[PDB]
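Quick setup: one chain, the form deposited in one PDB entry, written in structure tokens, and binding and motion questions come after.
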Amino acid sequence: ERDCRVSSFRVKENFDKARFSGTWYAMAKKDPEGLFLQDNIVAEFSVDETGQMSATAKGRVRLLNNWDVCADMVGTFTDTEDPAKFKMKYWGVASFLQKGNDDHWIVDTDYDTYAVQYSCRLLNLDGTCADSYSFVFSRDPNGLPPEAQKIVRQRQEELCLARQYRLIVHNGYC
């Protein structure tokens, strides 16, 4: 039935920055092509007097050939007409770690438990994503409540990504 075309994906209606600030732990990930954050991912969202959201993240990264850094990144969110959609310019603090611009959308969150993020880097000629990533976020490093987990799993499904994720560890690494 449902359509996996990016423009169809629903986002978090009336998204609120402030409400969203804080720490978030990465419980599950859907990796994109190439280089990406491995595990122990923690993000920390913030917004300023100007209403511009931002954030720092950190997690193990397995640089080429087993060389495990503990990356520390910085993203800065440029708004869009859609409040749940932003353009995220990121970069690391060291200059060799990866820099980029990524669409960052908030598929759904409840500010206090979970958040589901999605990002489509490259679209297919059919409107579906050719290269995406998704992050399931939890306010508790221990995981989400069965009630929360249930909706999340529903979202993973509407993103045509269910069954593509992978649990993320937080073993102390960073």
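The numbering used is simple: start at 1 and walk along the sequence shown. Note that the rigid core is defined as the largest set of C-alphas that superpose within 1.5 Å between two forms. Shifts are known only where both forms have a C-alpha.
Here the subject shifts to the form deposited in another entry, a form of this protein not shown in this document.
Undergrad: Once the core is superposed between the shown form and the other one, does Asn66 show a C-alpha displacement of at least 2 Å?
TA: Yes, the C-alpha moves 2 Å or more.
Undergrad: Superposing on the rigid core, is the CA of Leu97 displaced by 2 Å or more between the shown form and the other one?
TA: Where the cores coincide, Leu97 still shows a C-alpha shift between the shown form and the other one that is 2 Å or more.
Undergrad: If the CA atoms of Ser95 and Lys89 move by 3 Å or more in the other entry, do they move toward each other or away, so closer or farther than here?
TA: Farther apart in the other entry, by 3 Å or more.
Undergrad: Classify the change in Cα distance between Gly34 and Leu64 in the other entry as closer or farther, relative to the shown form (magnitude of 3 Å or more).
TA: It is farther: the C-alpha separation of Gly34 and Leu64 rises by at least 3 Å in the other entry.
Undergrad: Superposing on the rigid core, where do three or more consecutive Cα atoms all move 2 Å or more between the shown form and the other one?
TA: Listed in sequence order, the moving runs between the shown form and the other one are 63-67, 94-97.
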